[PDB]
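Have a look at the structure below, then the notes.
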Amino acid sequence: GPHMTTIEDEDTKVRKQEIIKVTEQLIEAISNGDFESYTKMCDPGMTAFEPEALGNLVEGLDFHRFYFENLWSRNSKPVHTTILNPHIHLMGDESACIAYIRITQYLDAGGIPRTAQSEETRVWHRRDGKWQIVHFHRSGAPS
Amino acid sequence: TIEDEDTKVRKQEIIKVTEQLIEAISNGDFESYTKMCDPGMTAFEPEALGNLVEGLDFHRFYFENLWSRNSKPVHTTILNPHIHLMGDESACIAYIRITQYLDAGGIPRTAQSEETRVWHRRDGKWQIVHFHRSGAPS
Amino acid sequence: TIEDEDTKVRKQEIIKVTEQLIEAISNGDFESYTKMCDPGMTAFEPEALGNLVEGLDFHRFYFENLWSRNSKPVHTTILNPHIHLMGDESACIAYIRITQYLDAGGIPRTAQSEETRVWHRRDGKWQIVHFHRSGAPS
Amino acid sequence: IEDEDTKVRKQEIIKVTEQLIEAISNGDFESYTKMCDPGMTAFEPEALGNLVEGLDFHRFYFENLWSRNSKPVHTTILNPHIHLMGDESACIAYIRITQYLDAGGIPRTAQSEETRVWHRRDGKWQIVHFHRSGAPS
Amino acid sequence: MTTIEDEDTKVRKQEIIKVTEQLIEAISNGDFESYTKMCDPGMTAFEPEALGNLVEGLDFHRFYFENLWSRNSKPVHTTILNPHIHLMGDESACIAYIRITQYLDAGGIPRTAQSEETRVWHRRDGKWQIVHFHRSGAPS
Amino acid sequence: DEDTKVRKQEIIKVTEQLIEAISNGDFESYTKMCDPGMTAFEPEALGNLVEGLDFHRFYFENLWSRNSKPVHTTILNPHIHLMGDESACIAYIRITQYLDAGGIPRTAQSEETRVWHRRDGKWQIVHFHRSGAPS
Amino acid sequence: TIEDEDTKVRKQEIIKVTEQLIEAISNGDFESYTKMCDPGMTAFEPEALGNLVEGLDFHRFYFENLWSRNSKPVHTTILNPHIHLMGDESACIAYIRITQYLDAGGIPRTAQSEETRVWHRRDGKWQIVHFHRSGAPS
Amino acid sequence: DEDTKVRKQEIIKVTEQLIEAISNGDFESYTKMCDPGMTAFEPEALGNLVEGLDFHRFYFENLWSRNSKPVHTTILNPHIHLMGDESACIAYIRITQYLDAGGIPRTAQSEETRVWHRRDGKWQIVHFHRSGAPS
Amino acid sequence: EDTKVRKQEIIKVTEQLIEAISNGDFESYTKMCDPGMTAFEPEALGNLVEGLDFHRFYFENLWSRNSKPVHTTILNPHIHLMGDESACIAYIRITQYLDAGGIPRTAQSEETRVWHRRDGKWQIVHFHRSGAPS
Amino acid sequence: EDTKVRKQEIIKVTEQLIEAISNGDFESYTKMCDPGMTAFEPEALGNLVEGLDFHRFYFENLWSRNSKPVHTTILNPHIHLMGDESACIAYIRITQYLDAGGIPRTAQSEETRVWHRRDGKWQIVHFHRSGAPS
Amino acid sequence: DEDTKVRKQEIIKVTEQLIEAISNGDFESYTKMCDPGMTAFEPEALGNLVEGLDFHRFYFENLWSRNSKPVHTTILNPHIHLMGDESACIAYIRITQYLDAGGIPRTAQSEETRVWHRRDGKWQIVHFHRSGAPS
Amino acid sequence: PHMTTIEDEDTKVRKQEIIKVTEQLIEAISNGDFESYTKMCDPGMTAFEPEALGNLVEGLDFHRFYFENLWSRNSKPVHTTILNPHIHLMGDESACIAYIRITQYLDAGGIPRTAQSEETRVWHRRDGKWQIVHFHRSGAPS
Amino acid sequence: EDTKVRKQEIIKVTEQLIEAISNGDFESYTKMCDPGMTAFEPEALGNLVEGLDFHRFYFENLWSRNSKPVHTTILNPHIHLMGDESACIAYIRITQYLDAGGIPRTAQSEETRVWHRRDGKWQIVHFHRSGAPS
Amino acid sequence: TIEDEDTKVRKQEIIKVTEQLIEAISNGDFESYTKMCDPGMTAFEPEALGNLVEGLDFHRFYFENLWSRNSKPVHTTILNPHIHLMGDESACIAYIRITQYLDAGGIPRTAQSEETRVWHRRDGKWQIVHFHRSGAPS
């Protein structure tokens, strides 16, 4: 279009929104204890670092399934999630990386509104059309 | 039909640059470091107090203020590495970083941290586009 | 040139909307609240754990899960207010917010917080475009 | 094409904020006052919960704390957000991270949330109010 | 030489001590109506409950009145120690004293609280009103 | 009535003057500004109501060592109450910026009430109440 | 110095009044207490938090608000008494006051305090002119 | 007529004198003012009733940082009880302003009771009770 | 050797004494105590008490004898016979009780008892208990 | 009146014993102590000690006397005479000292000294100390 | 080669089997997998080297409550060392996800070393060393 | 005779063989002699120890640090005791030894203190000499 | 040949002793102890105790000898034979028990038992326990 | 009396050797210590951390590096000794061992501990076959 003297290419804008959407979708699946949708979004050889893994690098979805079968009783109180200061890094058409602060507003524990924070890194890989998480790193203490 | 073992060498490729990156960090060599980082590099680390930091500017300070690291031998070990290849220009490595240092009463101590490094191939050389360090140690 | 009498009423104007805003917050009236906030409202507050929050989405939680304050009588006082007028569509107010509440053993307690509210006049009514709170109200 | 002047207006605000921070960081009180409205208002850890007026209260840290002749300082402005309000009024909120030494000659990091309210007067931008949360400086 | 006019400063001071006692009784009985009657609308105050802030009006004080009824049953004895009055004109007085409160608690345990108080009085249309007060020593 | 405006500024000026005298360890000027039967409540008096200026003479004799610490005072949120033409009352937050305490800039806060009485032309403090830190 | 050893029953009278006085306090008998107290009596005691009190009003509060002497059987001991006869109209006695009480669950406990009682004879009956207590007991 | 007024001032003067002697570590003047069978309750005696001046002698002989330091004492809210012409009782708050701790000004409070007995012309302390911490 | 029987004697009255303590039997206690008795014990807070008066309170205001297991052990006792009518016994007193912990707890105390014979029976003229163990 | 003197007699030896202790003179100490002297003191850690051998140590490793002014007071002495040959004194021992920075401090201890007369002089047979001081 | 690959998987399988038996409180299967003269180091043994299976019977026999909370085990970063055809050594991180503690999900970690010896066909544990928490 | 005092007799010497190399290994460690140490360890040696913070470490690289930065192990007397040893023989080239390692050392001001640690050493015979293939230390020592 | 069986003999009586203790069976216990038995154990607070009287408190006031699943292990035993009527055994005593809500825990204590053969049966003449069990 | 009672002589012989043993320890006379200890002697002591030690090898270390007695005097007291004669060849002695040492800070201090010593005599000489200590001396 007009104004050729500059990168009129803002598909990077929509590509990033693409990544933000799948991340939101992933979080919703997690938040609703929907393990099926979750696995659908994760690469089988998915790798992860998270408080629940006590400093160990975990492989597969098997380890996460636990929390999706027991704590699945997730439905016991309201839980609003906010993704702050997102930053996406595009790497090829099949590879993306997103880092953001994850803020969770929940009740319970004494029945009072409380807020939890965690730093998250999600590494995305495009396979046969849909984006899948290949690795993620969570920092803080919340799930 | 022993096919696809170049993934084996590609992963070793990633392990080597990660080792190189850690050595540069460990030797306070900021020049080599920047050479290995994308200008728009993003990071999550204890020193950033929960904030997502951009650029190398924030890291320069720690490189310049430790200058004489010699005041103690520093050995690093990369444990249980795991590489994820994504295209020919994109890689992801996750490992436990163990650091053996002295100081603190000249006594030998060990620090652990979980690290994620996201690599992107630009014009021949690999560069870090994002990294996430969990723990608190150095 | 003491025509600075309208600045007197302009400031009272700002003090009134601030009082109105606080009342809406105090009564858990999220509708009135949103009516007074710009959609792209920005905020710094204890509940946000050091993060700059955007939109009203983050606030509608405490506005929809914090009504158990009837058995917890509340009174708010705005102390030492200071308004800064900037054009006819832009104002800034800073004050100490003191809250008297019960509970914590049916006993009377007092909380203090420093607040900054940035106001912008849009199509007739004043709206908050950004606010910064220090302390820990709710 | 135009609709990107808000883009340059915001960069304008980010520049004066950077300039302000540099003046503070270099203990240059003259440049500082030049950038502040005489009736400037402020909330900051050093004021112990009180709303302070004028630059008189700040002169103290530029004087009795310009003794940085023994340690270098680096400042980072994170996740900036500007709100434009008319052509003479702006509002910027950011996380201010400070890397300083001492405390054992060791590298340490400080964080603080800052809000700066800007007003355009006779050409140059001036701070009319600011709110600092956390502590750092 | 100074018999008359001195004998009256004596009664003027007792006058101030009486209103101060009355004020304290109203406070002690949670009687906000009598309290407001004794305070100037633009009354100013410094007190532990205000966390280092100068408070205006009676609005801030109503809270403690309305939320301290059980005290009705709670026996309360107040003592005003080492009073000092400063007369300033016929319509202006200043009194400073140590306020000691003897109260019970849970288990009916007797405890004592101390606070230094300054009350500034102004005569308006016949009755004395508090224009400013300063309370120290964290007690209520 | 606006002379109330100048009357209040009058009180603010003497208060500033008083603080300056205190800040400079100038006991002569101080006594000149205090009524002989001056009464006071302050942290240094440990909960006791002190009389006269005698008790304050000491924080002047042993604090004059100020030639080792620049001091700046700020009077915040002042509020004056006028009561007759010879009686005033001022309440304010007193913020003090001082060094030492290691050598680093520090800030102290205290709430102060000063009761003023006009005697033979000049204003004199008849009572004062300080709560906080400042000495 | 051996003549008129009456300074034996003289001191003994003082212990008699001091003992009476202590019984009144122990039984919650304000009337007896006042009879032995000069209306202009002053006191230093832990309950007065460092202040010097005058009159009997201050002490009345502990009598009026403590009638449960029922489940409150209390024993008192006056250790190492020392009387100072001043003239024939006055006396001063100092002793340790040990009191054994229950409560504290119903377990036996002991408290101690130093007391000074300054007596002065008005008419034929003695009265407490001033007293000072240190320690625990009330 | 009010001789009770002068009698009380008489007691206040000897108390001031006593405190000065104590403050200056002048044990001779002190003993001169105390009855040989003097009794005492004080923090330094750990809950015990002490007799004679022997116990106090230590604090003089071994506390000379008193001489090397400006010490200011204030007697607050004094109350005297007269009992006959040879017997008096005074109770007051004793406030002490001293330096040390690096030349820092600090304040100490103690409640004191002094029992006076007139013997052969001069007043002597027969018993005293100090509550708090001073000496 | 005749000294062993006269010492064993003292042990008997000491045991007898402790026996009465634990039985709330104040009457037997008084019989064994000299009216001018003196004492240093934890429940006296560093003061020397005189008489039996100060001791009734614990006899009366605490008869949880058949409520708790009051068992006392006298260890390493040493006796000093001083003339025909004067004895000194010093031992470690070990008590094992219940409740107030509900657990079988053990308490230790150094105890010195000074005896003196009067018209036949032995009586305590002074005792000194250190540690705390009631 | 005769008792008045005998009791006062026990107060003198007690003070002399203390004098010798304070002084650091062990020769005097032994002479006033019976060989079989038994003791309970804070340095024995709950143990009934026997003989002089255990106290010698404190007599040889605390000679820094002058290097510390020390004043003792004996409060509320109570003596029990038990026949011509034995006595018992109980008192509060208050000690005023410095050191630890030269700050005048005050220690307290409950003491019980049991005396037995051997020919000319009085000898301590047993003693009990509570608190911690000497 | 390529058999060292299957030999190691062989060891990983018996280790998994062992852990399952432990996890299900199945002492019979456990003993079947342990050499009678089995040696062990583990937190429950308080620093002592224990012999036989007798000592382990207690943790099985007395924690049957497992039949309540889902127990999931993960073997992380396994490392096998082959030594001859009848001897193997495996070291791994053992992560256990369990409930309880309020029916709340919690995770325990422990470092384990298992020494295997082939006897008459089947692999048997000859010694094991546990660091950490796990049952 | 009773068919065993021949074989039982060599298992006896084989176990002493293992106890000797273990003692040798400990001496090398105790003297900060990294060369002898590496000589006794298989290159692919694996280890679990307090210094590794719950991680399984590989190679000798990680241990080099405690040898090159522990030259003080040559300044003060160090006595080691191996208690309640237990050897498990597995083939002629494979052995396993478990023991309590007690260390008596000074300092902290020349003060004598004792440290305890449970150790497991897995030995493998390669080309004549015994080498450590894996070890697990729980407790403290080093 | 026989020292082997003599030692097993000692290990058996020690096991029997521990079982009696573990089952709160004081009768069997006393049967196995010499009347003048001496002991050092945590419950005695650093004091050397005599007789069985002191022990009858822990067997007695602890009738939860069921509600406490108890397994005992004797580790690294070492016997010293001294004559045909005297033996000494030292071992680590490990106890596996449950809890305040069935939690499995382990306690360790070092024990020394000194045995003396009297009229046929072995009796404990002295024992020393370190740790805190019973 | 009876041929017996001389048992006190046997008991006293043990008190003699026990004292000789303690004295040898304090001197730092390992040689004598060896002659007094059976080579297969067993021990329980705080310096062993819960483990039963055997032989005299483990104790050597203390007769070498522990030289605070080799330059600072210490007095030992044995209290309430109790002996059990199991024969003419076997003895058992139990006692509290108080130790008065100097420094540890410089101020005279006292340490306690109970010790059990089991003695066995071979060819005329008494030797300890086992000992158990509680507390922490040497």
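So that you can tell them apart, the chains are marked A, B, C, D, E, F, G, H, I, J, K, L, M and N in the order they are listed, and the count of residues begins at 1 in each.
Operating definition for what follows: a residue touches a chain if its C-beta (ideal position, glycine included) is under 8 Å from a C-beta of that chain, and two chains touch if they have at least 3 such contacts.
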item: Joint neighbours of chain J and chain C, given as chain labels; value: none
item: Pair with more cross-chain C-beta pairs in contact, given B-L and A-D; value: B-L
item: Whole-Å gap between the CA centroids of chain C and chain I; value: 73
item: Inter-centroid spacing, chain L versus chain G (mean Cα positions, whole Å); value: 78
item: Computed distance of Cα centres, chain L from chain C, in Å; value: 69
item: Where chain H touches two or more other chains at once, by residue number; value: 47, 49, 77, 93, 109
item: Chain A-touching residues of chain D, taken from the complex the two chains share; value: 1, 79
item: Sites on chain G touched by chain I in the complex; value: 73, 75, 77, 79-80, 96, 98, 100, 102, 107-108, 110, 112
item: Interfacial residue positions of chain A with respect to chain D in the complex; value: 2-3, 85
item: Contact set on chain H toward chain G in their complex; value: 37, 39, 41, 47, 49, 51, 77, 79, 81, 83-87, 89, 91-93, 109, 111, 113, 115, 117, 126-127, 129, 131-132
item: Chain L-touching residues of chain N, taken from the complex the two chains share; value: 47-51, 53, 57-58, 60-62, 64-66
